[PDB]
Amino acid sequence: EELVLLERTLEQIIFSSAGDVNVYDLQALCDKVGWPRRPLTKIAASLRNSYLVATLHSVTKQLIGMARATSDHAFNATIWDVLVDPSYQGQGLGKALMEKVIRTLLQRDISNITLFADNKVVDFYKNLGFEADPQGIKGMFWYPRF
């Protein structure tokens, strides 16, 4: 359940669905992306209670991409926090990470694969096959403060 995606020269990219993601490495990444720090114990609790945590590492190991899902292990899953290191965006890695994520969940027989997308990346997911408000279904938040 580990893979080597590509090899370049002057490093590789390794997808994993294991879960060895060090909350300090992840923190480092979220910073690069400008996210605000969250209690590392609470981050560690979210990775532990996530049905699927998928990783891209850049060996020469180095966290350069992550996605994770919750799921009821049976019917539904929801994809959260898929992020890719700025100096690796625009290379196909977000696509590859997502493709394998979906594939992993299909292989575990999750039939309903959902997520919530910012307006600026909705197109990135429609290309991957995601379909917004199908049949007038709406995705709702309790008193969001964004």
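Residue numbers here begin at 1 and follow the sequence given.
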*Of the other entries that cover residues on both sides, do at least a third skip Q135?*
no
*Look at the other compared PDB entries that model both sides of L10, then say whether a third or more of them leave it out.*
yes
*What number of residues from the deposited sequence go unmodelled in the gap from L10 to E11, classed as none, 1 to 3, 4 to 9, or 10 or more?*
4 to 9
*Does the deposited sequence hold unmodelled residues between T60 and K61, and if so, how many: none, 1 to 3, 4 to 9, or 10 or more?*
10 or more
*asked:* Please compare 29 to 37 with 43 to 51 and say which has the higher mean C-alpha temperature factor in the record.
replied: 29 to 37
*Of the two stretches 64 to 72 and 83 to 91, which shows the higher Cα B-factor on average in the entry?*
83 to 91
_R108, C-alpha B-factor rank within chain (lowest, middle or highest third)_ = middle
*asked:* Please say which third, lowest, middle or highest, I137 falls into when its CA temperature factor is compared across its chain.
replied: middle
*Lowest, middle or highest third of the chain for the C-alpha temperature factor of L128?*
lowest
